Amino acid sequence: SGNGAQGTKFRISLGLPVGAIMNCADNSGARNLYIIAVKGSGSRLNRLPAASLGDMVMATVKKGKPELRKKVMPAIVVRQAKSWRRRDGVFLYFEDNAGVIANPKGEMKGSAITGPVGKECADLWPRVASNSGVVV
Amino acid sequence: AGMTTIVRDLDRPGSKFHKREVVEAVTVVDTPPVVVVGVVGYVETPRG
Amino acid sequence: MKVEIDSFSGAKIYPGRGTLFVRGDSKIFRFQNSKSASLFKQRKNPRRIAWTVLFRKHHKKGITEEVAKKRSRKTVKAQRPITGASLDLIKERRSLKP
Amino acid sequence: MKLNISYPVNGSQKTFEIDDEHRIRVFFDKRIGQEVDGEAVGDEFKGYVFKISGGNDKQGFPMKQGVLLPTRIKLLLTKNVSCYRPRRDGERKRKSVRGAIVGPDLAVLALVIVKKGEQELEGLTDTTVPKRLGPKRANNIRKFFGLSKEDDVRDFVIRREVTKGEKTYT
Amino acid sequence: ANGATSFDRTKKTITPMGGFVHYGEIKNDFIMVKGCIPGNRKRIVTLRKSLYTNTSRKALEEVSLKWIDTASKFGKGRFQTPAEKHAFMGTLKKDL
RNA sequence: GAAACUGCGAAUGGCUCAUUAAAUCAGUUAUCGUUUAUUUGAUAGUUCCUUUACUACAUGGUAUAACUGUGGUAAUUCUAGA
RNA sequence: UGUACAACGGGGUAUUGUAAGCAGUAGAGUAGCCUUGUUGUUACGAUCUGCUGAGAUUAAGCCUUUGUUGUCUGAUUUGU
RNA sequence: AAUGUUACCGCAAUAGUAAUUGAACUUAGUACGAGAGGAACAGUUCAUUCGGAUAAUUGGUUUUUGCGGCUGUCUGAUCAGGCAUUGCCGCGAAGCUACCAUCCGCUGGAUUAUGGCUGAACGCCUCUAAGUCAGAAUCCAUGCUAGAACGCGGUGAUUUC
RNA sequence: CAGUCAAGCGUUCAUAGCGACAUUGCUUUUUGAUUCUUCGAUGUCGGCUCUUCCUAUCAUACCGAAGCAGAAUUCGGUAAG
RNA sequence: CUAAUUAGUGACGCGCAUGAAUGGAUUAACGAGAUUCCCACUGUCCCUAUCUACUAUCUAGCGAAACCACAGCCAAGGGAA
Ligand SMILES: [Mg+2]
Ligand SMILES: [Mg+2]
Ligand SMILES: [Mg+2]
Ligand SMILES: [Mg+2]
Ligand SMILES: [Mg+2]
Ligand SMILES: [Mg+2]
Ligand SMILES: [Mg+2]
Ligand SMILES: [Mg+2]
Ligand SMILES: [Mg+2]
Ligand SMILES: [Mg+2]
Ligand SMILES: [Mg+2]
Ligand SMILES: [Mg+2]
Ligand SMILES: [Mg+2]
Ligand SMILES: [Mg+2]
Ligand SMILES: [Mg+2]
Ligand SMILES: [Mg+2]
Ligand SMILES: [Mg+2]
Ligand SMILES: [Mg+2]
Ligand SMILES: [Mg+2]
Ligand SMILES: [Mg+2]
Ligand SMILES: [Mg+2]
Ligand SMILES: [Mg+2]
Ligand SMILES: [Mg+2]
Ligand SMILES: [Mg+2]
Ligand SMILES: [Mg+2]
Ligand SMILES: [Mg+2]
Ligand SMILES: [Mg+2]
Ligand SMILES: [Mg+2]
Ligand SMILES: [Mg+2]
Ligand SMILES: [Mg+2]
Ligand SMILES: [Mg+2]
Ligand SMILES: [Mg+2]
Ligand SMILES: [Mg+2]
Ligand SMILES: [Mg+2]
Ligand SMILES: [Mg+2]
Ligand SMILES: [Mg+2]
Ligand SMILES: [Mg+2]
Ligand SMILES: [Mg+2]
Ligand SMILES: [Mg+2]
Ligand SMILES: [Mg+2]
Ligand SMILES: [Mg+2]
Ligand SMILES: [Mg+2]
Ligand SMILES: [Mg+2]
Ligand SMILES: [Mg+2]
Ligand SMILES: [Mg+2]
Ligand SMILES: [Mg+2]
Ligand SMILES: [Mg+2]
Ligand SMILES: [Mg+2]
Ligand SMILES: [Mg+2]
Ligand SMILES: [Mg+2]
Ligand SMILES: [Mg+2]
Ligand SMILES: [Mg+2]
Ligand SMILES: [Mg+2]
Ligand SMILES: [Mg+2]
Ligand SMILES: [Mg+2]
Ligand SMILES: [Mg+2]
Ligand SMILES: [Mg+2]
Ligand SMILES: [Mg+2]
Ligand SMILES: [Mg+2]
Ligand SMILES: [Mg+2]
Ligand SMILES: [Mg+2]
């Protein structure tokens with residue numbers, strides 16, 4: 001997460017280690033996102049960095065507009081499949097993995113977000129909150 | 001004895017869950033009254 | 001604290017209990033346990049599953065005295081005959097003949 | 001939450017504000033049309049039976065009898081239906097609606113007195129308001145006064161006094 | 001109403017339906033401590049006063065329970081009280 | 001004569017030329033293959049009941065707007081209870 | 001030799017998803033006897049419904065028990 | 001094993017020892033600066049790496065071969081079952097278990113570097129020579145684990161064929 | 001890898017940060033030089049796993065310098081927790 | 001081609017040292033042949049957890065072998081280093 005995120009996030013179960021591919025959920029022209037890193041993640045011998053809902057990851061676009069492809073850009077995870085747990089005591093999960101491509105500040109590339117978005121993410125990145133429909 | 005779950009309102013100014021409910025695990029230990037059968041005095045010595 | 005209800009079985013879900021699933025169309029499903037959740041993922045249909053609420057409602061099982069009669073009713077019989085019409089003279093004309 | 005209560009006998013209405021969720025809690029999981037005994041709600045209301053008629057939640061969406069649920073949905077509402085007033089012939093619209101099962105998310109619970117309790121309520125049983133209009137149609141005049149058609153309705157029609165300056169009319 | 005609350009109010013003890021698995025009923029006074037404790041069920045345990053004074057703000061919080069789960073731990077418990085069960089399930093072939 | 005109900009109109013008009021290549025369109029046909037608000041002209045003595053103790057015809061039924069009053073929502077040509 | 005201990009039995013808790021049996025105007029239908037049908041009858045038919053959230057299982061490291069039946073002195077060794 | 005026997009409750013020599021790093025809010029668009037830019041202490045909320053537990057919850061595991069379902073065959077049919085290296089499938093309690101789950105991780109002192117006080121040597125001057133103040137993820141304790149099977153204390157009862 | 005002298009570098013200014021000509025050292029994860037041990041046998045490179053140690057310290061604690069206004073950085077001390 | 005390729009492929013050729021039955025070039029089909037990428041798949045991995053059988057383990061009976069100068073706690077020193 002880090003730069004440009006207003007607020008702090010409570011720890012949520014890590015669902016997306018490096019190499020995972022998630023649906024691109026905005027209108028930017030990208031079909032998917034290949035995660036090459038997670039911002040703010042730490043270090044342990046052999047451990048894969050993993051992303052959770054609301055995190056900022058570095059990514060490449062595997063399927064999509066050729067102008068988007070062959071380059072590394074920031075993106076924000078807006079949906080998880082792996083069950084996580086909130087402090088209100090519920091274990092919940094979405095039906096897919098999805099994120100939206102963004103600049104380091106947290107500002108979005110595309111004008112809209114298709115599908116639901118997790119509130120943990122909406123609270124974290126204001127620009128995502130803007131462009132979102134149903135939340136949680 | 002065992003554990004169970006609790007629901008309570010959290011009072012923690014500044015936290016995202018301030019004034020919100022949280023659900024928490026707790027244990028339960030069975031504690032019938034203890035009974036007093038004696039006293040031991042202890043003195044200090046250079047050996048303890 | 002709200003106690004929710006399983007969207008398959010119809011069981012009550014107390015806090016911390018069971019699991020929550022957010023579908024692609026943003027419809028939310030709540031299961032009290034992994035049983036209903038699995039059945040649900042199997043596209044089984046609750047109305048065909050004997051122990052479910054939806055099944056028992058549909059097959060009309062033991063509803064009994066819920067369809068029995070009850071007593072709720074009232075009685076009023078009062079008068080405030082017309083506004084601006086000087087109701088003082090409205091109860092005098094109100095004795096009729098028959 | 002605010003309680004909006006009506007005495008249909010006198011045509012009286014006054015509201016009430018009930019804090020202390022234990023007192024409110026009597027209405028929870030109760031649908032529309034179910035009666036409620038008063039003493040639990042308060043001491044002021046004791047022996048008062050309350051019919052739940054409806055209400056609005058926060059965000060102001062109205063309850064709709066028959067949906068059950070303790071929540072909101074979005075229905076497709078036709079003519080002659082509640083929480084909809086068509087702007088055009090054959091116009092149906094899809095609108096958010098609150099359930100008919102009472103819950104803490106409600107701003108206001110609308111109630112109707114059925115049986116009176118042992119104590120007089122301030123602006124309800126103590127005051128009465130008149131029916132605005134009287135019988136117009138012939139036999140309706142006959143059936144308000146029970147005239148047994150002989151009696152020549154023209155005398156029995158209601159008359160309202162109005163004053164213009166120093167002129168009082170009828 | 002050991003397991004009852006200012007908010008819950010229903011008369012019940014902290015003993016779960018069917019009773020604490022591998023233990024019993026808890027018919028005496030008890031300490032309810034947040035989270036988990038070393039050692040296992042039925043084991044002798046010593047509870048000791050803190051060796052220092054915590055400010056911490058996490059300490060000093062004064063809790064008030066809303067609800068205490070009394071449902072069965074021997075399976076997936078669907079019910080707090082036998083009353084609640086009879087309420088939901090209706091009448092069964094043994095019963096009255 | 002406000003408001004509202006009822007009725008009628010909002011399917012005309014205006015704009016554009018994207019699709020469309022036996023389609024549209026044009027001249028010429030057909031309905032013994034159909035629907036048609038409206039305008040105009042025509043057109044209705046029969047309606048009940050084992051048919052004397054009889055059916056409201058000097059005319060049968062309520063249920064609603066506007067209105068009054070109590071309200072909800074940050075927010076709309078939102079609307080709830082009485 | 002007693003809020004004793006055990007084997008059963010009872011009640012709770014929990015898992016599955018409605019037991020066997022019998023019945024039915026449920027059932028694509030099919031045959032056989034004539035008294036050739038103004039439901040003609042005797043049966044058969046995957047399945048379905050009723051009695052039936054039934055039946056089965058549930059401490060082997062679940063809870064509980066006013067009931068039943070039983071058990072309750074064998075061996076060895078130790079001193080400043 | 002043996003320092004009478006046996007039991008209970010304790011002491012503590014020595015040995016081990018543990019926590020770690022970041023971000024945000026706020027301070028503050030402040031101090032500083034012509035401007036461009038642009039901090040920190042105190043306070044708050046979270047997180048990383050590590051550790052010790054624990055199974056209320058969620059998830060994984062299934063010979064509960066617990067319930068149900070299925071193929072093939074065998075018991076004349078029925079019921080109820082056998083066989084197929086645990087025949088196969090759905091659910092599945094209990095147990096075990098996961099940063100895939102939850103909880104918990106103490107505070108005193110003495111110091112280093114360094115900055116100082118008083119102050120001679122050397123009538124002046126100097127943190128140093130004598131004396132001395134403040135001081136670090138250091139060190140010693142606190143706390144935590146073991147308990148010397150040749151370290152120890154308090155206490156109970158101590159046999160007759 | 002680290003010093004001593006200080007001509008120079010650094011607008012001015014040897015030594016903030018550097019530093020020629022020379023010169024004194026330290027180290028034994030370089031490579032050589034040697035051939036002392038093993039040829040009746042001490043299993044080869046790398047990686048994986050895992051523990052411990054060194055400090056010539058990359059980070060983290062507390063400091064002193066600056067050609068340190070702030071921000072950033074550089075030099076140095078106690079430091080291998 | 002990849003985020004990134006001492007890999008792969010297509011090109012280039014004064015080619016240390018290609019080249020014509022020392023056979024050169026091409027080549028459908030075939031390969032438990034060497035190599036590269038892609039889809040599916042997955043406990044290979046992140047990161048481990050759980051179950052079955054037979055072992056190990058304890059008992060009765062049965063009962064070998066290798067090896068053995070003498071033997072079996074360390075730090076340093078010197079010493080065939
Ligand atoms: Mg590795
Ligand atoms: Mg926008
Ligand atoms: Mg499970
Ligand atoms: Mg499962
Ligand atoms: Mg348990
Ligand atoms: Mg359990
Ligand atoms: Mg037109
Ligand atoms: Mg009506
Ligand atoms: Mg049944
Ligand atoms: Mg065992
Ligand atoms: Mg009995
Ligand atoms: Mg016995
Ligand atoms: Mg002796
Ligand atoms: Mg600011
Ligand atoms: Mg300046
Ligand atoms: Mg660490
Ligand atoms: Mg079976
Ligand atoms: Mg068969
Ligand atoms: Mg049969
Ligand atoms: Mg055989
Ligand atoms: Mg075989
Ligand atoms: Mg389990
Ligand atoms: Mg951990
Ligand atoms: Mg000390
Ligand atoms: Mg001085
Ligand atoms: Mg000093
Ligand atoms: Mg000194
Ligand atoms: Mg001196
Ligand atoms: Mg420390
Ligand atoms: Mg302490
Ligand atoms: Mg400690
Ligand atoms: Mg000892
Ligand atoms: Mg002793
Ligand atoms: Mg010189
Ligand atoms: Mg100078
Ligand atoms: Mg110069
Ligand atoms: Mg080297
Ligand atoms: Mg030699
Ligand atoms: Mg050699
Ligand atoms: Mg050799
Ligand atoms: Mg040799
Ligand atoms: Mg050898
Ligand atoms: Mg060797
Ligand atoms: Mg200068
Ligand atoms: Mg220093
Ligand atoms: Mg160390
Ligand atoms: Mg290459
Ligand atoms: Mg490769
Ligand atoms: Mg090539
Ligand atoms: Mg070549
Ligand atoms: Mg060459
Ligand atoms: Mg030739
Ligand atoms: Mg050749
Ligand atoms: Mg060829
Ligand atoms: Mg091949
Ligand atoms: Mg062995
Ligand atoms: Mg044995
Ligand atoms: Mg043996
Ligand atoms: Mg042998
Ligand atoms: Mg040695
Ligand atoms: Mg020596």
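The residue pairs whose first member lies in segment E:16-33 and is near ligand 5 (Cβ under 10 Å from one of its atoms), whose second member is outside any loop (DSSP other than H, G, I, E, B) and among the hydroxyl-bearing types (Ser, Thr, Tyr), and whose beta carbons are closer than 8 Å, counting only pairs six or more residues apart or on different chains, are E:16/B:4.
Within segment D:108-165, being among the β-branched types (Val, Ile, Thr) and touching a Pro at 6+ places or on another chain (Cβ under 8 Å) holds for D:112, D:113, D:141, D:157, D:158.
Condition check ((1) part of a strand (DSSP E or B); (2) under 28 Å from residue C:18 (Cβ atoms); (3) in contact (Cβ under 8 Å) with a residue 40 or more places away in the chain) across all residues:
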| site | (1), (2), (3) |
| --- | --- |
| A:76 | yes, no, yes |
| A:88 | no, yes, no |
| A:96 | no, yes, yes |
| A:101 | yes, no, yes |
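Given the criterion β-branched (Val, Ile, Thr) and under 29 Å from residue A:120 (Cα atoms), identify the matching residue among B:31, B:4.
Details: B:31 fails: under 29 Å from residue A:120 (Cα atoms).
Exactly one residue qualifies, and that residue is B:4.
Here segment B:1-32 is the region considered, the condition is being within 13 Å of chain A (Cβ to nearest Cβ) and charged (D, E, K, R), and the residue that is nearest to ligand 5 (Cβ to nearest atom) is B:24.
Does residue E:70 satisfy being within 16 Å of ligand 5 (Cβ to nearest atom), surrounded by 16 or more Cβ atoms within 10 Å (Cβ to Cβ) and either facing another protein chain (nearest Cβ under 10 Å) or assigned to a loop (DSSP other than H, G, I, E, B) (or both)?
Working: within 16 Å of ligand 5 (Cβ to nearest atom): yes; surrounded by 16 or more Cβ atoms within 10 Å (Cβ to Cβ): yes; either facing another protein chain (nearest Cβ under 10 Å) or assigned to a loop (DSSP other than H, G, I, E, B) (or both): yes.
In short, yes.
Restricting attention to segment B:7-42, the residues that are among the charged types (D, E, K, R) and part of a loop (DSSP other than H, G, I, E, B) total 5. Among the residues of segment C:34-42, some residue qualifies, meaning at least one is surrounded by fewer than 12 Cβ atoms within 10 Å (Cβ to Cβ) and away from chain A (no Cβ under 14 Å).
Filter segment E:1-20 down to the residues that are of a type in the set (A, V, I, L, M, F, W, C) and within 12 Å of the chain's Cα centre (by Cα) and list them by number.
Filtering segment E:1-20 down to residues of a type in the set (A, V, I, L, M, F, W, C) leaves E:1, E:4, E:7, E:14, E:17, E:20.
Of everything in segment E:1-20, those that are of a type in the set (A, V, I, L, M, F, W, C) and within 12 Å of the chain's Cα centre (by Cα) turn out to be E:1, E:4, E:14, E:17, E:20.
Taken over segment C:8-29, the criterion of being of a type in the set (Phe, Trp, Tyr) and more than 9 Å from every other protein chain (Cβ to nearest Cβ) is satisfied by C:8, C:29.
Just one of the numbered conditions (1) within 14 Å of chain B (Cβ to nearest Cβ); (2) within 16 Å of ligand 2 (Cβ to nearest atom); (3) at positive phi is not true of residue A:106; which one? Every condition holds for residue A:106 apart from (1). Taking into account only those residues within segment D:133-170 that are outside any loop (DSSP other than H, G, I, E, B) and over 23 Å from residue C:79 (Cα atoms), which is farthest from RNA strand G (Cβ to nearest atom)? Among them, the one singled out is D:167. Close Cβ contacts (under 8 Å, 6 or more residues apart or on different chains) running from residues in segment C:48-77 that are more than 30 Å from residue D:48 (Cα to Cα) to residues that are in a loop (DSSP other than H, G, I, E, B) and β-branched (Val, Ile, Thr) comprise C:55/C:49; C:57/C:63; C:62/E:91.
Laboratory data are not the source of any read-out in this text; all were calculated from the coordinates shown. Quick reminder, even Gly has a Cβ in these numbers, built from the backbone with ideal geometry, and neighbours come from all protein chains shown.
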